[PDB]
Structures are given as C-alpha cells and as structure tokens.
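J.: Let me begin by handing over the structure; questions about it come next.
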Amino acid sequence: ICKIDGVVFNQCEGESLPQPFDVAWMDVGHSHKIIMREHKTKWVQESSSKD
Amino acid sequence: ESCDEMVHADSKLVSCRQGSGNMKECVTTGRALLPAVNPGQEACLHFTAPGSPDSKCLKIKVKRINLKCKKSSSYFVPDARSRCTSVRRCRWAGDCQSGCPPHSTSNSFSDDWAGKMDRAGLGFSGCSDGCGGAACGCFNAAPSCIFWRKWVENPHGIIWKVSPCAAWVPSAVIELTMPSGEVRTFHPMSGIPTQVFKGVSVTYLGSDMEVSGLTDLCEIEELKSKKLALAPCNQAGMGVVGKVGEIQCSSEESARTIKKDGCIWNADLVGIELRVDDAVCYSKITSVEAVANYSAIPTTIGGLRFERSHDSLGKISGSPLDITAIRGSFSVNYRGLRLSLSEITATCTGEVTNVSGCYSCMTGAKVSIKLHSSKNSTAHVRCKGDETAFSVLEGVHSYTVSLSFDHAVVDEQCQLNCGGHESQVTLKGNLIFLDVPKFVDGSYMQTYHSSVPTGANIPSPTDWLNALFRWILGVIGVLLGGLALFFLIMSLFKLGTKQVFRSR
Amino acid sequence: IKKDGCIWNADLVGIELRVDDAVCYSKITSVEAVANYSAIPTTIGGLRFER
Ligand SMILES: *[C@@H]1O[C@H](CO)[C@@H](O)[C@H](O)[C@H]1NC(C)=O
Ligand SMILES: *[C@@H]1O[C@H](CO)[C@@H](O)[C@H](O)[C@H]1NC(C)=O
Ligand SMILES: *[C@@H]1O[C@H](CO)[C@@H](O)[C@H](O)[C@H]1NC(C)=O
Ligand SMILES: *[C@@H]1O[C@H](CO)[C@@H](O)[C@H](O)[C@H]1NC(C)=O
C-alpha cells in the first residue's frame, strides 16, 4: 500500500490506479486511520451506568 | 558490549528519495549470514549507504543455548473419580416384558436421571437384569428393568499440561535490538520460523545431535504447584488405555468440567459391578505417579542433565559437559523497515586510554576508547586482525570494547574513523594467557559451551625466558649457571658416595 | 497461501492456550532442516554434480 485517497502513507516513488482493498481499521481520534490485520478483541460489559 | 563478525552483504542497495525534505530513508531489503558466536557476545549488522558517511548497526545477543523439543500437540488431562447411581422399579406393564432394550434403545433416561446437568460429564447409559418377586418389592415372577448410569467428577480441580514431542532440536534465545531503539526478545528454533517481527526473520541452525536414550519422553507440567516431571506420555486422540492418556478435553479453562464438546474418551475407562440392585463402580484410572520411567525435576538420564530453566514458552532444558559443537550460524532476512540517517557528521577524534585482557582466548582483550563529538552515535572502527563496531553518546564519555589479538606485546597502529572524519590511534600494553578452565566438583553446566582455543599449545621462545634476567650475554649467563649447578651437584654426589662408602 | 489451489493434509500448525490467549507455535521446517542437504558443489560418489 502506497497511498489511500490522496494521503501519503509510504514511500513508493510512484502511484498507480485506485483498487479496492479489504482490511480492518480502528480510530483513536487522530487525523488518519490505522489499519490492522492480526488483532485479538475482547467484549466486556463492565456493568457501566451509561448502558 | 563489544561486537565482531561483520558482514556488510547489501551495502549501497537503496532506492530512496529526497527523504521527507532533509534526510530520510524508505526501505532496505537483502540477505546476510551471521556466523556462530560464544554465549554472551554481540553480532553487529552495519549498513552502508552511498550518500551517508555512516549508519547504525543491528546487534544480536545470545544468552543460553538449551536442548529443548518442539510441540507436536497440546492438551489437558483432568483428574477423574468414580461416580454411579441406579434405580429399582417394577415392570407393572408391558414395557419390561422380557428385555430392557428391544433392539437398539440406548437412551436409558426416563426424564428422571441426573445426567441433564452441567457438572455431570461423560458417561454410558447401560442396563442389566434385576430381581422379581415379593422379596425385592414387586408382585411378578419376572426380572424388573433396573437401569444404571455412571460418570466421572473432579472435586479438587487439578489441571495438568502435557505436550508430546519426539524431536529435541537445539534452540537458543535471542535478544534483538532494532536500530530505532526498540528491544525485544524471542526464542528461535532450529530451522523453524520464529514469529518474524518487522521483517526480521533471524533463525538458528543446529547440527542434528543424536540422543542416547531419548525415545519416548514428554514435558508434562503441573499448573497449581508448578511441579515438573519427565515421563512417557500418549499421542493424539487415537490412543490406547493402560498408560498416561486418560480422558482429555479441549483447553485448561475447559478442563475444570468433564462435560462433552471438547472432552474425548475412547472406551473402557470405568467399570461397573452389581450383585443385587447395587450397581457399584470401581476405580481404574491411574494418577500421573503410576507409570514406569517417571522422573522428577532433577533428571540425569544419560549424559544430559535435565534442569528447570526459568523461561517463557518452555520450562525444559539440559546441558551436558563441554561439547564444542560444529557450527551454530544464523540466517537473517529482511522484508521492510525504516531507519533515519543524519549525514551531518562533524569533526570527531578519539584516542586509546587503557588496554588489558587475555591472549587469543574466549573473553579476548578489552580496550577502552574515549571519543568526543556532537553527533549521537556515528563511529566505525576498522583495523587488521579483527574489526569491532560500537555505539557512542553525545558529548565526551568513556567506552570499553573488546578486540581479538594474536600477540603478547600488542604494539601496532590502527585506524579509527567516526562518521566521515578519520584519524590514527595506537595501542601499547602487556597481555597474559589463559587456557580452557577445568571441571570442578559440585558445578554443573547450565546451557552449553561453544568452543575453546587450543591450537598452538606450544611455548613461545620470545615471551618465555624474558623476566628471568643481549642474547649472547644471556647464553653466557645460562652456561655459567649450568656449570655452577653441575659443580654443586657433583660435589653433593661425591659427598653422598663418601658417606655411603664408609660408616657402614 | 489462499485456498483453491493450495494443498495441505493435516497437522501442520498447532494451537495452545491457557487463559483466553490462543497462542500459535511454528512447526514448519525450512529447506535447510532435513538430513542429506547438499549444496551447489556436490561430489557424492564418482559423480561431480556441477551447475
Ligand atoms: C522404561 O525405560 C526402559 C529403558 O529405556 C524401557 O526398556 C522400558 O520399556 C520403559 N518403560 C515403559 C513403560 O515405557
Ligand atoms: C583506565 O585506567 C585504569 C587501568 O585499567 C582503569 O582502572 C580505569 O578505570 C580506566 N579509566 C577510566 C576513566 O575508566
Ligand atoms: C540524541 O540523544 C538525545 C538524548 O539521548 C536525544 O534527545 C536526541 O533526540 C538524539 N538525537 C537523534 C538524532 O536521535
Ligand atoms: C541420508 O542418506 C543416508 C545414506 O544414503 C541414509 O542412510 C539416510 O536414511 C538418509 N536420510 C534420510 C532422512 O533419508
């Protein structure tokens, strides 16, 4: 992967035509997104009052 | 510490760009080979760029080389007990005319047994014949249908972890430090991938050392008491009853319960006995301390001394006497990584302060070098006989490195260069000689031994006969001393013969 | 290594877990792991296998 929607991500010295690519992602409130392939998730309820 | 065995296999193999504006890199891909080193050394991987004067290195740290095995399978065998129950009823109808199962009815549960529970476990719905008449409680001269159900339980909850293996390939630990600053550790195997991290795939190679009496051994360990033992274990699900390999299950957290959906048992693991509407069950499952060849944490079977080394992903080790293996070289492959280069190196000059160490031996000769510069770490020392690279800090500090020399009086002139600037240094000092240490009682080897230098094994006439007392004067003095000692021993022998002759 | 063309029989990767970990260990051997592994220059017997 070199560029995502006109956003510089890596150094490839050249761009190609757009092509779909399936990959998971997550946000932390920053500008750009972070894609991850191998990840271990865990669902916790915690009995919070907001729910 | 010090470093040795430089490679420089893929120098000037970059296709970068202006570098984010001032100076950056994109990617470096190639392949190199690291030879075997002694336990407690560092193998540096220095890169070279055509534009930048110097770059960082990649150090490889090895601490212990233990004899471990692979993991053929993983399972947990819980402890089981003997539990059974029955019920006595009467025919009273046409349901129990002649036999209990008409042709194939195995569901011996009339919505009354306790099998519909979460803690029951695995069992077998069996049945037999009973008594019929007034003496047992019915009013018909015909045997009544008496069903029985047995299962296993686990009151305590002891969980065991068994891992069969029959390879026993050499392995070691690697403390890799990336040039960026990250330091992580991992356990590579002999030719097996070691969870490549950021492209680096440094692997270890062995020599396929044979075993004396290691044919059927496993690494069964205990979780609660952390007790280890060496005993032959079973194989995968298709097994035979009579040894270790009783009712297993899926995982440890699922081993507390002996229920279905994960637990596997073949047949004939619990017996049934009944005389008169009793249906008692006897125990046949053996514990872990029941099969033959059951060892403990300290094991000295053959030349190997199996100890318990505190380490992650494995708690089985062992180290015989000095083996001096043939080769243990590594293989490093890269796929993609980022590194920053300064290329703003300024004038730097160092000098030598101290010098000491052994002869051409294991630990070598340590030399302290002092430098002074503004750049954080840009240095590359190159000289004849041996090459050593190290890192420095900003400002003026003191650093200690080790080099390999093959002469008692180390008086030469090496070239030292930091970044783009170069200078000259000199070494002057006296060294000593140390041979291979000897074995002493009460001490046992921990990991392994790599090699010992025993090539020369001959006295050097130059170093020897130096502090005793130019060559002509020394020969004359030796001759005079020899003649004096000859006259002395002749006088002593004459006196002895005179004393022996008379006074008989 | 996607399916529909790749072939594997069984028992090539193991699974290990103690408490919601599910760690996987490597068991595949490299090319320089089996016995009788020669190189480009080979002189086994009277034949001198060159390249
Ligand atoms: C125990 O080890 C001895 C010696 O290797 C062997 O002859 C014997 O069969 C082993 N016992 C079992 C139960 O495997
Ligand atoms: C160099 O001098 C002696 C010689 O070995 C050594 O003990 C000392 O620590 C060294 N100097 C410094 C500043 O470390
Ligand atoms: C040099 O080291 C100092 C302190 O360790 C650090 O603040 C600085 O960022 C380093 N310089 C570079 C170029 O990494
Ligand atoms: C390697 O070659 C020897 C001699 O031909 C043979 O005995 C041995 O079985 C071979 N090893 C393997 C793994 O085939």
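J.: Looking at this model, which pairs from B:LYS71/B:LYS224; B:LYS70/B:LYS384; B:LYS12/B:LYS375 are more than 32 angstrom apart at the alpha-carbon?
T.: From B:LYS71/B:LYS224; B:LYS70/B:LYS384; B:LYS12/B:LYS375, over 32 Å: B:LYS70/B:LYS384.
J.: Net charge around B:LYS428, counting only other residues with Cβ within less than 11 Å of its Cβ (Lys, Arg = +1; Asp, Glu = -1)?
T.: So the surrounding residues net to -2.
J.: If neighbour count is taken as other Cβ atoms inside 10 Å, put B:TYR294, B:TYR334 in order from fewest to most.
T.: Least to most surrounded, the residues fall as B:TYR294, B:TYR334.
J.: Still on this structure, please answer the following. Classify chain A from the C-alpha gyration tensor, please: rounded if a/c falls under 1.5, else prolate or oblate depending on whether a/b exceeds b/c.
T.: Prolate, because a/c is 1.5 or more and a/b exceeds b/c.
J.: Let me ask another. Trypsin sites (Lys or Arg not before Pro), restricted to segment B:198-250: which are DSSP loop and have at most 11 other Cβ atoms within 10 Å?
T.: Of the trypsin sites (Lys or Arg not before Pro), the ones in loops of segment B:198-250 whose Cβ has at most 11 other Cβ atoms within 10 Å are B:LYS224, B:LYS226.
J.: For every other residue with a beta carbon closer than 13 angstrom to the beta carbon of B:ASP54, add +1 if it is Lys or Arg and -1 if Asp or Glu, then tell me the sum.
T.: Local net charge: +1.
J.: Give me the count of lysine pairs in chain A whose alpha carbons sit under 26 angstrom apart, restricted to pairs 8 or more positions apart or on different chains.
T.: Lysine pairs satisfying the spacing and distance rule in chain A number 4.
J.: Which of A:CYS2, B:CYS16, B:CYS145 comes first, and how do the rest follow, when ranked by fewest Cβ neighbours within 10 Å?
T.: Listed from fewest to most nearby Cβ atoms, that is A:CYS2, B:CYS16, B:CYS145.
J.: Calculate one ³J(HN,Hα) per residue across segment B:371-376 by plugging θ = phi - 60° into the Karplus curve 6.51 cos²θ - 1.76 cosθ + 1.60, and present them in order as whole Hz with x for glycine and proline.
T.: 10, 7, 7, 8, 6, 4
J.: ³J(HN,Hα) across segment A:19-32 via Karplus (A = 6.51, B = -1.76, C = 1.60, θ = phi - 60°), whole Hz, x for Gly/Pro?
T.: 8, x, 8, 8, 7, 6, 7, 8, 10, 10, x, 8, 6, 9
J.: Right, next: Largest first and to the nearest Å, give the Cα extent of segment B:1-111 along each principal axis.
T.: Here the Cα extents, ordered largest to smallest, are 102, 39, 23 Å.
J.: How far is it, in nm, from the label point at A:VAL28 to the one at C:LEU47 when both lie 7 Å from their Cα along the line to the Cβ?
T.: Reported label-point gap for A:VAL28 and C:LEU47 is 5.9 nm.
J.: What does the convex hull of the Cα atoms come to per residue for chain B, in Å³?
T.: 290
J.: Taking neighbour counts of Cβ atoms within 10 Å as a proxy for exposure, in what order, fewest first, do A:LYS40, B:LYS71 appear?
T.: If I rank by nearby Cβ atoms, fewest first, I get A:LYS40, B:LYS71.
J.: I've got another one for you. Taking amide H positions as placed 1.01 Å from N in the peptide plane, with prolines and chain starts having none, which residues 5 or more places from B:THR349, or on another chain, fall under 5 Å of its amide H?
T.: Counting only residues 5 or more places away or on other chains, the set is B:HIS372.
J.: Here's a follow-up. Which distance in Å, rounded to a whole number, links the C-alpha centroids of segment B:1-23 and segment B:286-360?
T.: Between the Cα centres of segment B:1-23 and segment B:286-360 lies a distance of 27 Å.
J.: So, one more: Cut-off under 12 Å on the C-alpha distance; same-chain residues fewer than 8 positions from C:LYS27 excluded. Which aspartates and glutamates are left, in chain and number order?
T.: Hits, sequence-local ones excluded: C:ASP11.
J.: With runs of 4+ DSSP H residues as the only contributors, calculate the mean residue ellipticity of chain B at 222 nm using -39,500 (n - 2.57) per run, divided by the residue total and rounded to the nearest 500.
T.: Roughly -2000 deg cm²/dmol at 222 nm, from the helical runs in chain B.
J.: Further question: Calculate the FRET efficiency for B:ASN266 and B:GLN424 from the Cβ-Cβ distance with a Förster distance of 45 Å, rounded to the nearest 0.05.
T.: Calculated value: 0.05.
J.: Let me ask you something else. Quick check: pseudo-label points 7 Å beyond the Cα along Cα→Cβ at C:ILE40 and B:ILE301, how many nm apart are they?
T.: 4.5
J.: May I pose another question? Which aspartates and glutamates have a Cα lying under 17 Å from the Cα of B:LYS198, excluding residues fewer than 8 positions away in the same chain?
T.: A:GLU38, B:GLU25, B:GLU175, B:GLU182
J.: Obtain the nm distance between the two label points defined at B:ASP435 and C:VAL19 by a simple spin-label model: each point lies 7 Å from its Cα along the Cα-to-C-beta direction.
T.: Rounded to a tenth, the inter-label distance reads 5.5 nm.
J.: In addition: With the cut-off at 26 Å, tell me which of the pairs B:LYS59/B:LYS428; B:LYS116/B:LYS227; B:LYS59/B:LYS366 have Cα atoms farther apart than that.
T.: Result: B:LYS59/B:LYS428; B:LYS116/B:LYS227 exceed 26 Å.
J.: Based on the Cβ-Cβ distance of C:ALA10 and B:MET178, what FRET efficiency does E = 1/(1 + (r/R0)^6) give at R0 = 45 Å, to the nearest 0.05?
T.: Computed FRET efficiency for C:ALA10 and B:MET178 comes out at 0.75.
J.: Post the alpha-carbon centroid distance, segment B:235-254 to segment B:35-112, in whole angstrom.
T.: Here the two parts' Cα centres lie 10 Å apart.
Because the Cβ atoms are built from the backbone with ideal geometry, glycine has one as well, and the counts that use them run over all protein chains shown. Computed from the coordinates by the stated procedures, all read-outs in this text should not be read as laboratory data.
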